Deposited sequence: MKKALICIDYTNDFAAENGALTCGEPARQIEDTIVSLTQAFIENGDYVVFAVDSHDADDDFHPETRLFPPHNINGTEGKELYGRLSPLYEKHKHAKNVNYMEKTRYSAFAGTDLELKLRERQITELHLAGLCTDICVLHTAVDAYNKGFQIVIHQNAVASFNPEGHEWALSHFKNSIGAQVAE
């Protein structure tokens, strides 16, 4: 179908050794496949959204739960590893969108759905962090919005291995997505 890739929260703070909210080894371990995945989408001309947690704010629900992270302007928010130059190489491309988000789901309070419908996109490929938090919530919205969904299981990770497994099974058995190797 018409395809888009949503590349979620692959930042320093979520992957880096001293990431302010780091997921650690599982997150860095996917670096190579998510970079290839994204590059491939970009080069084939498919729509690619870098959906990135963005924080300035005692009104944000997460300020109760978590340390400061993915703060606007800081190195923690930058895309991790080889994904940062991939993006910098392509940030002007028509089929590349850098989209700041304020909740776990890439859809919530954003214009992602608007952009996807403009482009008549019908299949949404999901990659990034975490499998059972931002990828999950995104997939829940995608599901309830009627999109076909592809989870790239070697391009997602979580700190919690059980959550990771649980999520992949949820995507397969409840959401009816395709979980791709």
### Query
Which parts of the deposited sequence have no C-alpha atoms in the model?
57-58
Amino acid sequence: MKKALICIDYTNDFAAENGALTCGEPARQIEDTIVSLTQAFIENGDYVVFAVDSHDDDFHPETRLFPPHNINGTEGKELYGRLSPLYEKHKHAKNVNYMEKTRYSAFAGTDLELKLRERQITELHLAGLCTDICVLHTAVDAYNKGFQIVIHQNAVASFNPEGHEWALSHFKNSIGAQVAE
From here on, numbers count along this sequence of modelled residues.
### Task
Would you tell me which stretch averages the higher CA B-factor in the PDB entry, 161-169 or 15-23?
15-23
### Query
For the stretches 42-50 and 140-148, which has the higher mean C-alpha B-factor as given in the deposited record?
42-50
### Task
From the list 129, 126, 35, 116, select the residue with the highest C-alpha B factor recorded in the entry.
35
### Query
Of the options 121, 112, 134, 30, which has the highest CA B factor as deposited?
30
### Query
What third of its chain, lowest, middle or highest, does the C-alpha temperature factor of residue 79 fall into?
middle
### Query
Hey, what third does residue 86 fall into on Cα B-factor, ranked over its chain?
highest
